[PDB]
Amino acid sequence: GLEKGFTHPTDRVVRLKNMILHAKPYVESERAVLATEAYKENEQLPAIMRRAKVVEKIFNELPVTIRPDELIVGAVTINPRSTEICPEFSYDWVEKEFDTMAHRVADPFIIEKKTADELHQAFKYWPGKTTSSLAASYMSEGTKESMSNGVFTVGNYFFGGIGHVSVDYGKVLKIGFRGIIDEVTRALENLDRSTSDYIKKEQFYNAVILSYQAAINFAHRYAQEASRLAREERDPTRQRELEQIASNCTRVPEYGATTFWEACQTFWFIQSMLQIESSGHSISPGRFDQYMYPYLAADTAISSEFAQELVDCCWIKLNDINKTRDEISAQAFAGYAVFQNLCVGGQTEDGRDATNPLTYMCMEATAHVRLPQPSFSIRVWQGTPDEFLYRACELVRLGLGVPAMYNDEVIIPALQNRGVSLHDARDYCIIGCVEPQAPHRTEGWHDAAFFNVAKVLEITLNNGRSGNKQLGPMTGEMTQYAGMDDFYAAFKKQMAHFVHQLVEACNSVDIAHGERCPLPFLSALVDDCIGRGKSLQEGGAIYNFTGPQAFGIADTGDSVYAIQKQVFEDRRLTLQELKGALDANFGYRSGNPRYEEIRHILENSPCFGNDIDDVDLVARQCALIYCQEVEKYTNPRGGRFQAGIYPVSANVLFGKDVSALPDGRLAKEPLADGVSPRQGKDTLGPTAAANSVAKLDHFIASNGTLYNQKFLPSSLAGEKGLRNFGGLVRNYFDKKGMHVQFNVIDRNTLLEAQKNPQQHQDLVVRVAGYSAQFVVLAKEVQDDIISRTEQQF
């Protein structure tokens, strides 16, 4: 039968899982202090060589920690699930939050007094030497004013590192760090030295070699710690394990992997070491079933049980990573989340189906571990085997939010439209939440900014004003609109003004990272940085993009359609009354009964998400106006801006920046998540809603769209629930939606977790493009997830 069920993990895997779940996150100082001293010691070097010295000091001197029971080793932090500090990007919020970070609503971290004193001393070096301080200096005053008023924000790469990449894991698996060094050495040998261009390329090459020499030492330090622990082990079974780990770390990643266990250790060293070099999140394993499976197939000795246990251990290690952000930024990325997206299935470079036995082991590992990370995903195409889709649906029924599902038949042509070859696009993986790329060939900047389209709508209707600040052009007061043509013309002018500022802000951050923090370790693992002699930050990648995200799409669409229908077509109210009602927040505080009646009229207009073409096409048009502006622009790496539509955990946060809207929502209330219909407003069932969402132009939003659905668990029960559920996915993907993902949970389970969080520490659910512990989320985010529409078949 279609319902196969899931096996159980070993007792050791349960212990390792529980270590993550019980861990109290700390802030730690050692990496920050070492980095700072490497900067201090190397003021005279070009930035790329200084950055080599940084990772060399950290890799040589960071504490090496092997946790009880691990088979796969490597720790960013001494304490499980803790965070380093990367002061080179930003630091002052850390010190501002020394005493409040342990108690803040979103993602609290403990900062012990000694750690605070150590960070205080190191931060003395940093004023004005960060990437953020340089980025802000490049931006115009109007751009900064627009961000201060909540039109958009580039905080992600402003305050932290970039990340958002899937590196060439397979290359390191094959030839190791030593192979990387040899490739660079041959690039040096072949350098054209007839002009002045070789001088900086040679600095890059020597920086990469130094970085990778230190990276080899780092693995050897873990081998040494494993041997030290082995000598004082008393259980001979664990002793032999530690001896085997020492052997593994001696071989990899210096050399290519020769067993499946070594291949797992190669993967984890890369995955953790990249996040030691930089705090950029969305370091995404990508197509792990593809590049790892050859090492499983070739390992004739390994048992199926132990092979699965190693994948489980990788899943758990993926949850050891954590990241603190400033108190407001943490609310937009909430849940101790670093967005490591790992996908399985899809197509080979040849257009054949890519499923292999490891594909299903990856699904089993998710069922075994049941933790937020990795951000597990499946690719789907016309040739997806029934067995893979139904097994994925079985996994989704567990209610963890994973796997998210991505549609090859939209994503591949979407990438092609941006210049990615068919061969490279067929190999895509997901970065972060929903953002597709050709892996190890792209510097995509896939979460460069958040952009509030609903705020632009607000500002349009107030003639460029926000507060009493003239923030955009005076496109005309809404009372002077003769019809919807006047609105759209005004809305497009506002969009052009604010998107140009968005692009300025992203590109200023882009220049700042290129000038102050080019990365020699990361860059060697992406084509064509070695061949070109250029870092990722300076255009070494074959493909270059920048991806800013739209917020408030359904809010904007339903509001614009409410103006069309209720004011112009049916004349239920005038432009003057609408203006008055919006400014008065529909009488929320005054009690004005005409404004209340107006609100009730607008609230009951047709809404996006009910398969009604009239209103669905307005949502499509409003999203297009954003997406068509964004793609007009380029970044300093020679690449193209491309829109995405996804909220991570900030559709509540950024709703606070928007006053009352013509669809009737009150000031400061939440916005809609991604391309999903407004919370509770898709009332005709999951098929009708998905039909609406697929009417949007997903292809032009080539940084990725995000669609959330939430199902009543009993609707998915039994073989016949699975079949209906799989039919819904194929329906939506056949109609050219890009992505869909599912919560499967009873309302009372969420309500109980709120009332009794101590009893629900392992409740993991989808936020948007990632899953998190529900009890870690702030109440306002929890309420937003509860408020989402419950679907039923």
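Residue indices: 1-based, along the sequence shown.
Using only the Cα atoms and their B-factors as the entry lists them, report which of 365-373 and 604-612 averages higher.
Going by the record's values, the stretch with the higher mean is 604-612.
Got a sec? Mean C-alpha B-factor, which is higher, 297-305 or 531-539?
Result: 297-305.
Among 578, 433, 343, 412, where is the Cα B factor highest in this entry?
Largest recorded C-alpha B-factor: 578.
Which of these, 336, 205, 123, 568, has its C-alpha atom at the highest B-factor, as the entry lists it?
Among 336, 205, 123, 568, the highest C-alpha B-factor in the entry belongs to 568.
Relative to the other modelled residues of the same chain, rank the CA B-factor of residue 18 and answer lowest, middle or highest third.
For residue 18, the deposited C-alpha B-factor lands in the highest third.
For residue 31, return the chain-relative third of its C-alpha B-factor as stated in the PDB record: lowest, middle or highest.
Middle third by C-alpha B-factor.
Using the temperature factors of the C-alpha atoms in this entry, rank residue 161 within its chain: lowest, middle or highest third.
For residue 161, the deposited C-alpha B-factor lands in the lowest third.
Where does residue 508 sit by CA temperature factor within its chain: lowest, middle or highest third?
Its C-alpha B-factor belongs to the lowest third of this chain's values.
Mind checking which third residue 177 falls in for C-alpha B-factor across the chain?
It belongs to the lowest third of the chain when residues are ordered by C-alpha B-factor.
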